[PDB]
Structures are given as C-alpha cells and as structure tokens.
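What follows is a single chain, given as structure tokens, in the form deposited in one PDB entry.
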C-alpha cells in the first residue's frame, strides 16, 4: 500500500493524467457525435391533430327494420350487431332519422321526440353507453319530413333555425358525436343555415361534425354549397355518374381535389343510396379500393360492404333494401339468400367482398399514411387511374385501377413526383381486387400489366 504511494510521483504521474485526459476527450467526442447525429437526423413534421372521423370510415344506417329485420327492428337490437359494426373497424354510425315524424306536417313532427317504434330513450342511453366502449361514435340524422315526397317540409319549415337548433343543443348534451341533413338543395339557401348549424356544432366542441347531402353532380353547386364553411363534410352525387371513363373518374377527382386542394373531403357515391344502385357488379370490388384510399373520409351505407343487389334478390324496396344476416334473414318470399350473398357466407371466405372491405378498413384506420398522407395522381394508360398516399416518414402506397374491358399495362410515366416520394422499380404488393396474384410478392412497375377491372395496392418504404 505504501509502495504504491511512493510510486505515484513525477515521471509516471504524467502518464496518469494523460490517460484520463484522452478518456475525457473520447467521452466528450461520443457525446458531441451523439448530439450531432441528433441534429443531422431529419426532424419530422407534426401530426395534424386528427379527429375521430378523420381515422376510419362512417357507416350510414337508413332503415332499422331492414338492417335489423322485419318486425324485429328497434334501437335495442343495435346492441346485438354493434360488435359486427366494430368488426368492420368503422368509426361512426349515421343512424336515423329516428325522431317522431307522423307525416308531411310541420307542427306534428318534432326532432326532440324520439320515435317510439324504434324504442324510446331508455334504449338510446344504453345505445350511447355501449357504443362508447367500442369507440363507435353515433351520428343522428335530423331530416324532419323523412317520410314525405320531399325530405324537407314543403311550404316553409323556417323553424329549422329554432327546432334543429334546439336539437343541436339537446342531443349534443346527450352525447351524439355529430349530425347530418339530407337534400340540402331544398333547404332554401342552405349555405347560411348550414353555417348556423356548423357554427353551433363546432363551437359546441370540435369533436362534433356535421354532414350534409345533395343530389347534384355539378361542382359549381357543391362549391356554392361549400360557400363559406369548409369543415362541413358535404357528401354529394358528384361521383353519382357511373363514369369509369379514363378522364371522368380522373378529371372529377382531380378537379375537386383542386378546388380546395387539400381541405378534408368526404368520399361517397351518393347521399343515401347504395353503391350497387349505380355501380355494375364487376366494379363493386373496384370502387371500394378507391374510396378507402382517396384522401378524406369514406361514407358507406348499410350493406355496401357486401353489395346488396336489388337485381339478384327481388322483393327488396328500392330506397331501403333488406340486410342479410343469416340463411333466412329475408322474411318475404324466400329462396334467394344463398350463402354467396349473406354476411356469414362471406366472413369465412378470404376472397369475399366483405373480407376485402375488412382488410381495406384495417389498413385505412391503422397506418399513418392513409389517414393523412398527401395525394399525388400521375398519368397512366387510358383506362387507368393511379396515385400515391405518402406521409413524412411512414409507409408509402400505390393504387392502380383498371376501368376498361381489355387488360392493360401500367404505363407508369410518373416523372414529376417529389423526390421524397419517387416510385421505385419493385413495390411490395399488399392486396388486389380480383385475387390470384401472390399478395406479398414485390411486383415490377415496368412489367406491371393489369387484368380488366382489377385494382392493386403496393408499398415501398424508402425512408418514406
């Protein structure tokens, strides 16, 4: 111990200091390199405060006695299939109008009076309470004369600024996360009435939206109905034209995404009617891939995840068809509910139309790109429509849509995408409309050749 003491002295102590001097230089070097790597590393953008309806699809439910079953229709029964609705990974239920509406009369139609035929507020409170735990927020339609020739009253329902206003306060007290009105062409100068109600709803809380609707396909009418307010998710007949032409389904989408550019929109074929009222059968798979990938929020009626066809199954009312839950869910003249059509006859098939909807909704409601990734669409073959959904550092995407009759090649002449999102030569396939292509095999975009009426969906995370 003492021999060590004498040995810590001139000549070999000079070494001792230098050792921890080099050690401290090395440690400060490690720390400085760390902070430089912190500085050099790209700082990502901020998440733009997504609401609940910004995350997943909505789900309109028009006729309860047709969504539930003849005679069995009531508000309580919605608890039975609320797990089915949460299986689709939806985030809303446009449910209604379930208020008291005798007929065609303004003084005999109250919004604040729940319709007894669906069940009173005893079932409604339970509806909300059991909807909250599955994160399936409820939205109620207030179209007052929803049982007459015209959706809005005839002479003048001026009391909408009174009655609907009291509704937008009372029911927001109850806990309904948004509302909706339909055929806002009849609502005389709706742009100010919608202004009042949107002011009420957003000012009440920003986690409370307001959807509208109209039967117009002219963008000028839609823009003039989006006159001042731009947080209103107007669902219109803009796409109601069957279209599918190489430019209509291209030009309409671009031009509407060119009016406000990025402002959040709502994507739906119609305000109330099903997909199949307009779409031929072979495009039912096709459009569901488009609507889930376009920027905005998709809106689906009941049975648009399985394609309720009024042509295959007769007897169905044209406005409100009957949902098929099982092998006897049709109570009228039976014999046409063969397992192909039903829900359970499609929950098992991996290639079923319901399964496609489930995969698409899972991807849409989960991965950060589809929620809020920017949108760029580039030129391609005459019957195509390709685009990309890219965010800051999250996964990319790519979708190809053949709207023609003859199998075409991709013809990807992109040549203008930002260098942050420029296409690679092989992209990881994820799914397809018409199955058969191996889902997971990176496909080549120079030899990318389509089949008629086929979609695609690919992935490429190059520091994306």
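The term rigid core refers to the maximal set of C-alpha atoms that superpose within 1.5 Å between the two forms. Numbering follows the first chain given and starts at 1.
Absent from the display: the form deposited in another entry. The rest refers to it.
- Superposition of the core reveals a Cα shift of 2 Å or more for residue 29 between the shown form and the other one.
- Superposition of the core reveals a Cα shift of less than 2 Å for residue 237 between the shown form and the other one.
- After superposing the rigid core, the C-alpha of residue 42 moves by 2 Å or more between the shown form and the other one.
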